[PDB]
Number of protein chains: 8
Amino acid sequence: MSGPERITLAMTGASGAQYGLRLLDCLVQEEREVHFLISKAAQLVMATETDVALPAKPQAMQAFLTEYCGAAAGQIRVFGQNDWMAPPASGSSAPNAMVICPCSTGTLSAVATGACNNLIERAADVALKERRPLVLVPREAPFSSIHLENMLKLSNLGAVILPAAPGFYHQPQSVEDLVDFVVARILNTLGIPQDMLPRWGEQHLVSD
Amino acid sequence: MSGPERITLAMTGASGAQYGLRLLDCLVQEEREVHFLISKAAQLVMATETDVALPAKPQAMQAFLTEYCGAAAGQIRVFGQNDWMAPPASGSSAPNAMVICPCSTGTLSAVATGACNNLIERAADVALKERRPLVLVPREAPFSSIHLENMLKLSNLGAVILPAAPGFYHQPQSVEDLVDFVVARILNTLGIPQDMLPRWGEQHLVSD
Amino acid sequence: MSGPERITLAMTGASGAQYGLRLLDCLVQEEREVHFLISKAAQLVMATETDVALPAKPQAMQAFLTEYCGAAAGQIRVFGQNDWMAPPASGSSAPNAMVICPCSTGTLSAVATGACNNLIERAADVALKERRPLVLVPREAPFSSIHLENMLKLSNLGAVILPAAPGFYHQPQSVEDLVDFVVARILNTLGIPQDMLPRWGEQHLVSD
Amino acid sequence: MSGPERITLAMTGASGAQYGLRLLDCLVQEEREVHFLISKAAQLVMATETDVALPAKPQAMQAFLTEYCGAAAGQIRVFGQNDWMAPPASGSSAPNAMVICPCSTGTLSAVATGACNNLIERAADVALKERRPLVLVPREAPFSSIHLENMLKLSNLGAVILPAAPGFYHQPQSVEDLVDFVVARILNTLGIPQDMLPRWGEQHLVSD
Amino acid sequence: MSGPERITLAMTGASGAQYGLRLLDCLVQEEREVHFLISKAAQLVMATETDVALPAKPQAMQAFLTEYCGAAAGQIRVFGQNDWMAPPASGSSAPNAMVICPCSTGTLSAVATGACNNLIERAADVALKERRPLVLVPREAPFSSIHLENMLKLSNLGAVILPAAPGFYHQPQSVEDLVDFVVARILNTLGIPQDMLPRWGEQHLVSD
Amino acid sequence: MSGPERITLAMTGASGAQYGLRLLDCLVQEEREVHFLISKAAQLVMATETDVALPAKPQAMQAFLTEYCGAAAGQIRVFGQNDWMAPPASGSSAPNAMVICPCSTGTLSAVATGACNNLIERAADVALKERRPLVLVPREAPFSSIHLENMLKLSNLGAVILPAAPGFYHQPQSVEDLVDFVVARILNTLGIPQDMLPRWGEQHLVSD
Amino acid sequence: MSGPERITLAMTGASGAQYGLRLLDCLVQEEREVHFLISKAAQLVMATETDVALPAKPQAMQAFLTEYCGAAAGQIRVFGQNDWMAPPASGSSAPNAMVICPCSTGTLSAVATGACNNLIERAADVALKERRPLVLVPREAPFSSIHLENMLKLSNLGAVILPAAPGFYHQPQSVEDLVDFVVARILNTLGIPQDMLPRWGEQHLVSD
Amino acid sequence: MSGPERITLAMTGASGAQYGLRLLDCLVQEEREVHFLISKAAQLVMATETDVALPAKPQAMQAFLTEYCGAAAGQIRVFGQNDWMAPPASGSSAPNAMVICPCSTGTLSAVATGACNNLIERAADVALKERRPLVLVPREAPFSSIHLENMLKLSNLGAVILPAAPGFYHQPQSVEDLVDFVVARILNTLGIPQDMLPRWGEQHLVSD
Ligand SMILES: Cc1cc2c(cc1C)N(C[C@H](O)[C@H](O)[C@H](O)COP(=O)(O)O)c1[nH]c(=O)[nH]c(=O)c1N2
Ligand SMILES: Cc1cc2c(cc1C)N(C[C@H](O)[C@H](O)[C@H](O)COP(=O)(O)O)c1[nH]c(=O)[nH]c(=O)c1N2
Ligand SMILES: Cc1cc2c(cc1C)N(C[C@H](O)[C@H](O)[C@H](O)COP(=O)(O)O)c1[nH]c(=O)[nH]c(=O)c1N2
Ligand SMILES: Cc1cc2c(cc1C)N(C[C@H](O)[C@H](O)[C@H](O)COP(=O)(O)O)c1[nH]c(=O)[nH]c(=O)c1N2
Ligand SMILES: Cc1cc2c(cc1C)N(C[C@H](O)[C@H](O)[C@H](O)COP(=O)(O)O)c1[nH]c(=O)[nH]c(=O)c1N2
Ligand SMILES: Cc1cc2c(cc1C)N(C[C@H](O)[C@H](O)[C@H](O)COP(=O)(O)O)c1[nH]c(=O)[nH]c(=O)c1N2
Ligand SMILES: Cc1cc2c(cc1C)N(C[C@H](O)[C@H](O)[C@H](O)COP(=O)(O)O)c1[nH]c(=O)[nH]c(=O)c1N2
Ligand SMILES: Cc1cc2c(cc1C)N(C[C@H](O)[C@H](O)[C@H](O)COP(=O)(O)O)c1[nH]c(=O)[nH]c(=O)c1N2
Ligand SMILES: C=C(C)CCOP(=O)(O)O
Ligand SMILES: C=C(C)CCOP(=O)(O)O
Ligand SMILES: C=C(C)CCOP(=O)(O)O
Ligand SMILES: C=C(C)CCOP(=O)(O)O
Ligand SMILES: C=C(C)CCOP(=O)(O)O
Ligand SMILES: C=C(C)CCOP(=O)(O)O
Ligand SMILES: C=C(C)CCOP(=O)(O)O
Ligand SMILES: C=C(C)CCOP(=O)(O)O
Ligand code: NA
Ligand code: NA
Ligand code: NA
Ligand code: NA
Ligand code: NA
Ligand code: NA
Ligand code: NA
Ligand code: NA
C-alpha cells in the first residue's frame with residue numbers, strides 16, 4: 001500500500017468536527033489502522049456541531065466508532081488522555097503518522113512549546129522528535145501573531161500546517177464537498193489514496 | 001453609522017471568489033462606498049468558480065457590479081491595476097478601510113515585502129503606513145513557512161490576518177452558510193453591522 | 001470636533017523650524033490646546049533658520065507665541081525642559097497627542113532607548129506607555145543604520161515616523177507650499193482638519 | 001524506477017542554458033515526464049549562449065523540444081508563464097520534483113519571498129508548501145548578502161541550493177565535462193540514475 | 001577628476017521628479033557619463049509634476065535629454081527597462097556609481113529583496129554584489145515599518161539611504177533651493193564637486 | 001599625501017590621556033589639520049594622569065595645544081562641546097576622518113545608540129551616516145556584555161574598534177613604547193605614515 | 001598602477017586548483033607581489049587535478065613557482081602554514097589584498113568563526129580586522145545551510161564571496177575559457193587589469 | 001583563604017607573555033595551586049617577547065617554572081596539550097578557576113564555538129558547563145566583529161572578558177607597572193588578594 005499503515009488521529013476542540021469524522025471514515029475505508037484520541041473540549045464541539053452521540057469512555061467510544069465507520073475488529077484503537085501505556089506516547093512505538101484535526105489554538109500552542117500535558121500533546125512531541133509525519137489542521141479566524149508564531153515554529157521543524165480552509169476551484173455544491181476538500185488535502189499530504197479531489201491539470205498537455 | 005464609510009475591496013487570485021462577491025454585496029447593503037480592485041488572476045478565478053460574467057475593463061466592470069449588487073450610482077468605484085490617480089494609491093486620500101478577499105499567497109508576499117507593483121499592493125502599503133485598517137483573507141493549505149512568516153510580519157504590524165476558514169459551530173447547512181460565516185467575521189473586524197452570525201453567548205448569564 | 005483636543009508639540013534641534021511653527025499656527029487655528037516644548041538646540045536652529053525672535057524663558061516664550069499665533073489666553077502652554085509638574089510628564093495626565101517636529105536624531109535616539117533625560121523625552125516615553133499618539137518628524141540625510149534602527153523600533157511600537165520629506169505631486173510653487181505639505185500630513189495623521197493638501201483622487205470615479 | 005516519475009524543469013535567466021538543456025536531455029533518456037517552463041529572460045539567455053533556435057510559443061516550443069531530445073509523444077509538456085491550469089500551479093496535482101536550472105537571482109528572490117508572480121514562481125511555492133523536492137541552481141558571482149540570505153532561507157526550509165559550480169576532481173577535458181558534472185549532481189540529488197559522474201571512492205576499501 | 005566617471009541614474013515612481021532632473025543636469029555639467037534609466041511610473045510622475053515632455057522610447061528619450069541638458073554626444077546613454085545587454089545589468093561592466101532618485105517604496109522593496117524584475121532593479125543588485133556605490137533617494141511619509149526594515153537592510157549592506165528631506169539651515173528662498181540641497185548631498189556622497197551647498201563651518205576656527 | 005588631510009580627534013573620559021596627546025603630536029608632525037574636541041571628564045582624566053595643564057576654554061586651549069605640539073597657526077582647531085557651528089556637526093562639512101581616543105564606555109554607548117548629546121557624539125553620528133572613517137579607542141577591563149554589544153553594533157556598521165591594548169612583540173622598554181604601539185595602529189588604520197611600528201615580516205621572504 | 005601592489009593568495013582544499021594557478025599566473029604578469037600560501041589538502045587536490053608537481057617545502061615550492069610563472073626574483077613569496085613571522089600574520093604588516101582560491105568549506109568555516117588555526121586562517125582574520133580586501137572562492141554543491149550561514153556572515157562583514165561559478169554568456173569553448181572567467185572576476189574585484197573578460201555592454205549606447 | 005585554591009592558567013599565542021608570567025608569579029606567592037597549560041604558539045611568543053628559556057616538554061617545563069617562581073614542590077602542575085587524564089579535562093575534577101592569559105583570537109574562537117581541540121580548549125569548555133570561573137585576557141587591535149561576537153557570546157554565558165588594556169590612572173612609570181595593572185584586575189576578578197592596585201576611592205568619604 002501507499003502511505004502509512006497506522007495513523008494517530010487526534011481531535012481537539014476547534015470547530016470542524018465534521019473534518020475529523022470524515023477523515024476517520026476515509027482512513028478506515030483505506031484499510032488503515034487508526035489510533036484515535038479526542039480531547040474533552042473536542043467532545044463538546046462534536047455534540048454542538050453534529051448529531052453523533054459519541055460515548056465518553058474510551059472503550060464504549062471504541063465500540064461506537066467501529067460500528068459508525070464500518071471498521072474491522074481492532075482497526076480503530078481508542079486511547080484515553082492520560083494513557084501513557086499507549087503506543088503514541090513513546091518513540092519506541094511502531095511508526096505512525098499523526099494528524100490533529102481539528103487542531104485548537106490551545107493544542108497548537110502546547111505542541112509548539114512542548115507542553116506534553118496529555119496523550120495528544122505527548123504524541124505530537126514524539127512525532128516531532130522521531131521526525132514522523134505530523135499534520136495540524138487549525139480552524140481559527142483571525143489568526144493572531146501568537147497563533148502565527150506557533151504555526152511558523154512547527155512548520156520550520158517539519159510539521160505540516162494545513163488549515164481548514166477549503167478551496168472552491170471545483171465548484172463545491174454542499175458542505176460535504178468543502179469538508180471533503182480539506183480531508184483530501186490531508187490524505188494527499190500523508191500519501192494515502194483519495195478520489196474526492198482530482199489531480200489538478202493532469203490532462204493538461206500544453207498551454208492554450 | 002458604525003464602521004468605516006469607505007472600504008477598499010481588493011480581490012486577488014486565491015480560491016474563494018464567492019467570499020469577495022458576498023462581502024461586496026453586504027457592504028453595498030450597509031450603504032458603504034466601495035473602491036473595488038481586482039487582479040488579472042482573480043478574474044480567472046471568478047470565471048472558474050462562479051457563473052458571474054465580469055467585464056474586463058474597469059468602466060464596464062463598474063456598470064456590471066452596480067447592477068449585480070443593486071448599488072446606487074457612484075457607490076461602487078472600480079479602479080484599474082495601474083491607476084495611480086485613484087484614492088487608494090496615496091495616504092493623502094480620504095481614509096478607507098481595506099480588505100483583500102481572497103488574498104493570494106502572491107499578494108500576501110507583495111504586501112509583506114512592500115512590492116507596490118500594482119494598485120492593490122500600493123493601496124495595502126498605504127494602509128499600513130497610515131495605520132488604516134487592513135484585513136487579509138488568505139485561502140491556502142498547507143501554509144508553508146514562507147506564507148506563515150509573511151502573515152506573521154503583517155500581523156505584527158497591525159494587519160488582520162483572517163483566513164478563509166469558516167466555523168461550523170452554528171451547524172451550517174449550505175455552502176452559502178460557510179461563505180457567510182467568513183464574511184460576517186470580516187464585517188465584525190471592520191465594525192460594520194451584520195446579522196448572519198449571532199453574537200456568541202449574548203444570552204448566556206451564568207454557567208450551567 | 002475631530003482629532004485630539006490637546007497636542008503636545010515638541011520642537012527639537014533638527015533643521016526645519018518652519019515646519020514646527022507652521023504646525024503650531026495650524027493647531028491654534030483649529031482651536032486646539034497646545035502644550036509647547038522646545039529644546040536648547042532647537043532654539044538655536046530657530047534663530048539660524050528664521051527671523052522669529054523667540055524669548056528663552058517659558059513665560060516670556062508663552063506670551064510671545066500667544067501673540068505670534070493669535071492664540072487665545074491659555075491656549076498655548078509652555079513648559080520648561082525639567083518641569084516634571086507639567087501634564088506631559090505623567091500618564092495620569094489628561095490624554096494628549098504628541099508631535100516632535102522637527103525631531104533631531106538625538107531625540108529620536110533618546111525616545112527609542114527610553115532615556116527620559118528631559119521633559120520632551122519623558123513626554124514621548126509616556127505617550128508610548130499609555131499608547132497615546134506619538135508622531136516623530138525627523139530631518140536628516142543620509143539616514144544611517146543607527147537612525148533607521150531607532151525609527152524601526154519606534155514604528156514597531158506604534159509611533160508614526162513621518163520624515164520631513166515633502167511631496168511634489170501638487171506642483172509646489174514656494175517653500176511655504178512644501179512646508180505646508182508636511183504639516184498637512186501631520187494633521188491628517190492626527191485626524192485634525194486641514195485644507196492645504198487635497199484628498200487625493202476624491203473626484204476620481206473609474207479608471208480612464 | 002528510482003527517483004521521481006515527473007520533474008518540473010524551469011529555466012530562468014541566469015547564465016548556463018547548457019545546464020538546463022543537458023538536464024532535460026538526461027531526464028528524457030531516463031524516461032521521465034518533464035513539465036517544462038522557461039522565462040522570457042531565459043529565452044534571451046538561450047539565444048545568446050547557444051545555437052538552439054527555441055520557438056517562443058509553448059506549443060511550437062513543445063514540438064521543438066520533443067524532436068531536439070528524441071522524446072516520446074507527451075513526455076515533455078510545455079506550459080506558459082501564466083497557465084494556472086497547469087499541474088505545477090496547485091498542490092493537488094500529482095507529485096513532481098522541481099528543478100530551477102539555471103536559477104536567476106531574481107527567481108531566487110521571488111521563491112524566497114513567495115512572490116508567485118508567474119507559473120515558475122508559483123510552482124516553487126507549491127513545492128515548498130507540499131514538501132516536494134525543490135532544487136535551485138543559481139549562477140552568480142560574487143554572491144551578495146541579499147543572494148546569500150535568500151539561499152539560506154530556502155535551504156532552511158528544505159530546498160536544495162545547488163550552485164552551478166562544477167568540480168574538477170575527475171580532470172575535465174571539455175566544457176561538456178563541466179556541464180555534465182553539475183547535471184550529474186542534480187540527478188544524484190533527485191535520486192535519478194546517471195553515469196556521467198562516478199561514485200567517489202566506491203572501490204576504496206581501506207586507507208593507503 | 002574627483003568621483004566616479006560614470007553614474008547610473010535611475011528614476012522611479014516616487015514624487016520628486018525635479019530632484020532627478022536637477023541631478024542629471026549637475027552630472028552633465030561635471031562632464032560625467034550618465035547611464036539613464038526610468039520606470040513607467042516615473043514617466044507618469046514626471047508628466048504630473050513638471051512641464052518636461054519626455055519621449056517614451058529610449059532613443060527619442062536620449063535625444064531629448066541630450067538637448068535638454070546641453071550634454072555632449074554619447075554623454076547620456078538611455079537604456080530600456082528590459083535591456084539586459086546594457087552595462088548596468090552585469091558586474092563585468094565598467095564600474096559605475098548608481099543613484100536611484102527618486103526611489104519609490106516599490107523599488108526600495110525590490111532592491112532589498114533582490115527581485116531584479118527590470119534593469120533598474122538588476123542594476124542595483126549588481127551594484128550591491130560588486131560593492132559599487134548605490135544611493136537610494138526615497139520620498140515617502142510616513143515611513144512604515146516595511147519601508148524602514150527595507151532601508152535598514154540595505155544600509156547595513158553598504159547602500160546610502162538618502163531621503164529627499166532638504167535642510168533649511170542656509171535659509172532657502174525657493175523650491176529650487178530645496179531641490180538643490182538634496183542634489184548637493186547626493187553629489188557629496190558620490191565625491192563629485194558641487195557649489196550649491198557650502199562646506200559647513202569651513203571658516204570656523206575656534207568656538208565663540 | 002597619504003591618508004586624510006583633516007582628522008577630528010575627540011578625547012573622552014577613559015583612562016589613557018597619553019594616547020590622545022601622542023596621537024595629536026603625531027598628526028601635527030604629519031602636517032594634518034586636527035579638529036580637537038575634549039569632554040569634561042577627559043579634562044579631569046588628563047589632570048589626573050599627566051602634568052599637562054590644559055586650559056578649560058576652547059580658545060585658551062587652542063593656543064596651549066598649538067604651542068605644546070609645535071603646530072602651525074590654524075593647524076589645530078578646538079571646538080566646544082555644544083558648538084554646532086563647527087564642521088564636525090554636519091555631513092555637509094569637508095570630509096574628515098574621526099578618532100575618539102580614549103573612548104569612554106559612556107561615549108561608546110552614546111555613539112552606538114545615536115544619542116548626539118554633544119559635539120563629540122554628533123560628530124561620530126555624522127561620520128557613520130556619511131560613511132567617513134570612525135576609529136574608537138576604548139580603555140576598559142573587564143568588558144561587560146553591554147560594552148561588547150555596543151562595540152559589535154558599531155563594528156558591523158563600519159567603525160574601527162581599536163582598544164588600547166598595546167602589543168609586546170617588539171620588546172617594549174618603556175611606557176612610551178606601549179603608548180606609541182597603540183598610536184601607530186591608529187595611524188596605520190587611517191593610512192597616515194608612521195615609523196614607530198615596523199611593517200611586520202616585510203624582510204621575510206620564505207619560511208625558515 | 002591600479003589595484004593592490006601585494007596579494008596574499010591562499011589555496012585551500014576545494015576542487016579547482018586550476019583557478020588558483022591561473023590567478024597566480026595573471027597576478028605575476030601584472031607585476032604584483034604575491035604572498036603564496038597553500039594547505040596540505042590543497043596540495044593533494046593539485047596532485048589529483050593537475051600535472052603540476054609542486055614541491056612540498058616552502059623554499060623548494062618558491063623556486064618551482066617562480067620558474068613555473070616566469071616570475072621575477074622575490075616576486076612570489078611562499079610561507080609555511082605555521083610561519084607567524086610572515087607578513088600576513090599581523091595587521092602591522094604592509095597592506096595586502098587577500099584571495100582564498102579555491103576556498104574549502106573548512107576554510108570558509110574557520111574564517112567565519114575566527115579559528116586562526118594556521119597562517120591562511122590567521123591571515124584572513126587579519127584582513128577582516130584591518131578592513132583589507134578579502135575574497136573567498138568556494139567550490140561546493142549543494143551548499144548546505146552551514147555553508148550559507150558562514151558565507152552570509154562574512155559577506156555582511158565585507159568579505160567578497162565569489163563562488164567558482166563561471167558564466168557562459170561569452171560562449172566558452174574550452175575548460176580554460178571557464179577558468180579564465182572566474183579569474184577575471186577575481187581580478188575585477190581587486191581592481192587589477194585583465195583582458196580575458198570584456199566589459200559588458202561597453203559599446204552599447206541606447207536600447208534596440 | 002580568599003579566592004580559589006586552584007587556578008588553571010593557560011597561556012595562548014597572543015602577545016603579552018609578560019602578563020601570564022607575572023600572573024603565575026603572583027598566584028604562586030599567594031600559595032595557590034596552579035595547573036599550567038601553554039600552547040605551541042604561546043611558546044613562540046614567549047621566546048620572541050622575553051628572555052625566559054622555557055623548556056618544551058611538560059616535565060622539564062614544570063621543573064623550570066617551579067624554580068623560576070620559587071614555587072613549592074607540586075604547587076605548579078604542567079599538563080600537555082593532549083593530556084586528557086589531567087584534572088582540567090573533566091568536570092568531575094576538583095573545582096578550579098580558569099584564566100587564559102594571554103588569550104589569542106584563535107583560542108577565543110575555539111572557546112566560543114566549543115571546539116575542544118586541545119586541553120586548553122576542553123578545559124574552558126568544562127569551566128563553562130560546570131559554571132566555574134573562566135577569565136579570558138585577549139590582546140588584539142582592532143577587534144573585528146568576529147572577535148566581538150565571540151567575546152559577547154562568552155560574556156553572556158558568564159565568562160569574564162578582561163582585555164589586556166592597562167589603565168593609567170595611577171601614573172604608571174614602567175612597563176612593569178602596566179603589566180601589574182592587568183594582573184591585579186585578574187586577581188581582583190578571582191577574589192585573590194593583591195597589593196599592586198589600590199582600592200579606588202577607599203579613603204574618599206564625601207564629595208569635594
Ligand atoms: C463549540 C466550541 C467551538 C469552539 C471552541 C470550543 C467550543 C466548545 N474552541 C475553544 C477550544 O475548545 C478551547 O480553547 C479548549 O481549551 C481547547 O482545548 P483542547 O485543545 O481541545 O484540549 C475553539 N478553539 C479554536 O481554536 N478554534 C475554534 O474554532 C473553536 N471553536
Ligand atoms: C482557478 C485558480 C485557483 C487558484 C489560483 C489560480 C487560479 C487560476 N491560485 C494561484 C494564483 O492566482 C497565482 O499565484 C497568481 O499569481 C496570484 O496573482 P494575484 O495575487 O492575484 O495578482 C491560488 N493562489 C492562492 O494563494 N490560493 C488559491 O487557493 C489559489 N487557487
Ligand atoms: C543650525 C543647526 C542645524 C542642525 C542641527 C543643529 C543646528 C544648530 N542639528 C544637530 C542637533 O541640533 C544636535 O545633535 C542636538 O544635540 C540635538 O539636541 P536636541 O535633540 O534638540 O535636544 C541637526 N540634527 C538633526 O538631527 N538634523 C538636522 O537637520 C540638524 N541640523
Ligand atoms: C545574456 C544574459 C545573461 C545573464 C542575465 C541576463 C541575460 C540576458 N542575467 C539577468 C537576468 O536574466 C535578469 O535579472 C532577469 O530579470 C531574470 O528574470 P527571470 O528570473 O528569468 O524571470 C543573469 N542573472 C543571474 O542571476 N545570473 C546570470 O548569470 C545572469 N546572466
Ligand atoms: C503622481 C504620482 C506620485 C506618486 C506615486 C505615483 C504617481 C503616479 N507613487 C506610487 C508609485 O509610483 C507606485 O507604487 C509604482 O508602483 C512605483 O513603481 P516603480 O518603482 O517606479 O517601478 C509614489 N511612490 C512613492 O514611493 N512615493 C511617492 O511620493 C509617490 N508618489
Ligand atoms: C581619572 C578617571 C579615570 C577613568 C574615568 C574617569 C576618571 C575621572 N572613567 C569614567 C568616565 O570618565 C565617566 O564614565 C564619564 O561619564 C565619561 O564621560 P565622557 O564620555 O568623557 O563624556 C573611565 N571610563 C572608561 O570607560 N574607562 C576608563 O578607564 C575610565 N577611567
Ligand atoms: C581531491 C579532493 C577534492 C576535494 C576535497 C579534497 C580532495 C582531496 N575537498 C575536501 C577538503 O580538502 C577537506 O575538507 C579539507 O579538510 C580542507 O582543508 P583545508 O581547508 O584545505 O585546510 C573539497 N572541499 C570543498 O570544500 N570543496 C571541494 O570541491 C572539495 N573537493
Ligand atoms: C610573536 C607572535 C605574536 C602574536 C601572534 C603570534 C606570534 C608568533 N599571534 C598569532 C597567534 O599566535 C596565532 O593565531 C595562533 O594560531 C594562536 O594559536 P593558539 O591559540 O595559541 O593555540 C597573535 N594572536 C592574537 O590573537 N594576538 C596577538 O597579539 C598575537 N601576536
Ligand atoms: C515509554 C514512554 C511512555 C515514553 C518514553 O518514550 P521515549 O521518550 O521515546 O523513550
Ligand atoms: C500621490 C500618489 C499617487 C502617491 C503619493 O502618496 P503619499 O505617499 O501618501 O504622499
Ligand atoms: C507624576 C509624574 C511627574 C510621573 C509619574 O507618572 P506615571 O509614570 O505615569 O505614574
Ligand atoms: C488550483 C490552483 C491553480 C491553485 C490552488 O492550488 P492549492 O493551493 O494547492 O489548493
Ligand atoms: C551578462 C549579464 C547581462 C548578467 C551577468 O552578469 P554577472 O552576474 O555579473 O556575471
Ligand atoms: C548643519 C548642522 C549643524 C547639522 C546638519 O547637518 P546634516 O545632518 O548633515 O544635513
Ligand atoms: C605579530 C604577529 C605575528 C600577530 C600580531 O599582529 P596584530 O594582531 O595585528 O597586532
Ligand atoms: C573524563 C574526561 C577526561 C572527560 C569527561 O568529563 P565530563 O564531561 O565532565 O563527565
Ligand atoms: Na505538564
Ligand atoms: Na515594482
Ligand atoms: Na537620565
Ligand atoms: Na504578484
Ligand atoms: Na522576476
Ligand atoms: Na539629547
Ligand atoms: Na587554534
Ligand atoms: Na576537534
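Residues numbered from 1 in each chain as written, not as in the entry; some residues may be left out. Chains lettered and ligands numbered in written order. Part of a larger assembly, values for the part shown. Heavy atoms only, no water. Residues with missing side-chain atoms left out of burial classes, pairs and counts.

- Its PDB header names X-ray crystallography as the technique used to obtain the model and reports a resolution of 1.57 Å.

1. What about the relation of the copies chain B and chain E?
Then, number 1: Between the two copies, chain B and chain E, the superposition gives an RMSD of 0.0 Å; the rotation angle is 120° and the shift along the axis is 0.0 Å. The relationship between the two copies is best expressed as a three-fold rotation axis. Residues of chain B ranked by C-alpha distance from the rotation axis are headed by B:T113, positioned 4.4 Å from it.
Then, number 2: Both copies present different contact surfaces, since only 7% of the interface residues of chain B are interface residues in chain E too. (Least-squares fit on C-alpha atoms. Contact = heavy atoms within 4.5 Å.)

2. Examining the sheet that holds strand 5 (residues 134-138) of chain A
All names here are of chain A.
Then, number 1: Strands sit in the order 3-2-1-4-5-6 across an open sheet of six strands; the sheet is parallel. Each of the sheet's edge strands pairs with one partner strand only, and the pair in question is strand 3 (76-78) and strand 6 (160-161).
Then, number 2: Direction of pairing for strand 4 (residues 97-103) relative to strand 5: parallel, over a ladder of four bridges. In the sheet register, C103 faces strand 5, and the bridge partner there is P138. (Pairing = 2+ DSSP bridges. Helix = DSSP H or I, 4+ residues; strand = E, 2+ residues; numbered from the N terminus.)

3. Regarding the site of ligand 13
Then, number 1: All residues in the neighbourhood of ligand 13 are listed as D:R139, D:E140, E:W84, E:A89, E:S90, E:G91, E:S92, E:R122, E:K129, G:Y169, G:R185 and G:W200.
Then, number 2: Around ligand 13, the neighbouring residues derive from chains D, E and G rather than from a single chain.
Then, number 3: Contacts to ligand 13 include E:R122, whose side-chain N or O atom sits 2.9 Å from an oxygen atom.
Then, number 4: Within the side chain of G:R185, an N or O atom sits 2.8 Å from an oxygen atom of ligand 13.
Then, number 5: Surface burial for ligand 13 is 88%, taken as the share of its 330 Å² of free accessible area covered by protein chains. (Near = heavy atom within 4 Å. Polar contact = N/O pair within 3.5 Å; in protein donor to acceptor, adjacent residues only side chain to side chain. Areas by Shrake-Rupley, 256 points an atom, 1.4 Å probe, with all protein chains shown as cover.)

4. Description of helix 3 (residues 58-69) of chain A
Residue and element names in this part refer to chain A.
Then, number 1: Over its 12 residues, helix 3 extends 16 Å from the first C-alpha to the last, a length consistent with the 16 Å expected when each residue adds 1.5 Å.
Then, number 2: Turning to helix 3, its buried residues are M61, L65, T66 and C69. Buried positions in helix 3, seen along its axis, are confined to an arc of 135° and lie on one side of it. Away from its buried face by more than 90 degrees, helix 3 exposes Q59 and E67.
Then, number 3: Looking at the buried side of helix 3, the elements it contacts are helix 1 (17-29), strand 2 (33-38), helix 2 (40-49) and strand 3. (Expected span 1.5 Å × (residues − 1). Buried < 20%, exposed > 50% of the residue type's maximum accessible area, 1.4 Å probe, protein only. Arc of directions from axis to C-beta.)

5. Describing the site of ligand 6
Residue and element names in this part refer to chain F.
Then, number 1: In the vicinity of ligand 6 there are 13 residues, among which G13, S39, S104, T107 and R139 approach most closely.
Then, number 2: A distance of 2.7 Å is found between an oxygen atom of ligand 6 and a side-chain nitrogen or oxygen belonging to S39.
Then, number 3: Considering ligand 6 on its own, with 650 Å² of exposed area, one finds that the protein chains cover 71% of that surface.
Then, number 4: The dominant element in the shell around ligand 6, judged by the number of residues it contributes, is helix 2 (residues 40-49), at three residues.
Then, number 5: Taken together, the residues that form the shell around ligand 6 break down as four nonpolar, seven polar and two charged. (Nonpolar A, V, L, I, M, F, W, Y, C, P; charged D, E, K, R; others polar.)

6. Topic: the nonpolar core
Then, number 1: Membership of the largest hydrophobic core comes to 98 residues, with the highest contact counts inside it found for C:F36, C:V99, E:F36 and E:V99.
Then, number 2: Residue contacts for C:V99: discarding those within four places in its chain leaves C:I7, C:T8, C:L9, C:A10, C:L23, C:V135, C:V137, C:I186 and C:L190.
Then, number 3: One finds D:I38, D:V183, G:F168 and G:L187 within the second-largest nonpolar core, a separate group that totals 96 residues. (Core = buried A, V, L, I, M, F, W, Y, C linked by side-chain atoms within 4.5 Å.)

7. Structural notes on unusual backbone geometry
Then, number 1: With an omega dihedral of -10°, the bond running from F:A141 to F:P142 counts as a cis peptide bond.
Then, number 2: Phi angles above zero are rare outside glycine, and C:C116 is one such case at about 50°.
Then, number 3: Residue C:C116 is classed as partly exposed on the basis of its relative accessible area of 24%.
Then, number 4: You will see that D:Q171, though not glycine, has its phi angle at about 55°, which is positive.

8. Overview of the interface of chain B and chain A
Then, number 1: Contacts between chain B and chain A engage 39 residues on the former and 39 residues on the latter.
Then, number 2: Carbon and sulfur atoms make up 64% of the surface buried where chain B meets chain A, a total of about 3,100 Å² over both sides.
Then, number 3: Of all residues in chain B, B:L148, B:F168 and B:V175 bury the most surface against chain A, accounting for 19% of the area lost on that side.
Then, number 4: The interface formed by chain B and chain A contains zero salt bridges.
Then, number 5: Linking chain B with chain A are 16 residue pairs in polar contact, by the criterion used here.
Then, number 6: Contributions of two or more residues to the side of chain B that touches chain A are made by helix 1 (17-29), helix 2 (40-49), helix 6 (145-156), strand 6 (160-161) and helix 7 (175-190) of chain B. (Buried area = accessible area lost by both parts, 1.4 Å probe. Salt bridge = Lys/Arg side-chain N within 4 Å of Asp/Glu carboxyl O.)

9. Brief notes about the relation of the copies chain B and chain A
There are two copies of the chain, and a rotation about an axis plus a shift along that axis relates them.
Then, number 1: Take chain B, turn it by 180°, move it 0.0 Å along the axis, and it overlays chain A with an RMSD of 0.0 Å. Taken together, the rotation and translation relating the two chain copies correspond to the operation of a two-fold axis. Residue B:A165 of chain B places its C-alpha closer to the rotation axis than any other residue of that unit, at 2.2 Å.
Then, number 2: A shared interface surface links the copies, since 100% of the contact residues of chain B are contact residues in chain A too.

10. A word on the interface of chain B and chain E
Then, number 1: Each side of the interface is counted separately: chain B has 15 residues, and chain E has 15 residues.
Then, number 2: A buried area of about 1,100 Å², summed over both sides, lies between chain B and chain E, and 55% of it is on carbon and sulfur atoms.
Then, number 3: When residues of chain B are sorted by the area they lose upon contact with chain E, B:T113, B:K129 and B:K153 head the list and together hold 38% of the total.
Then, number 4: Counting the contacts that link chain B with chain E gives eight residue pairs in polar contact.
Then, number 5: Looking at the side of chain B that touches chain E, its residues break down into eight nonpolar, two polar and five charged.

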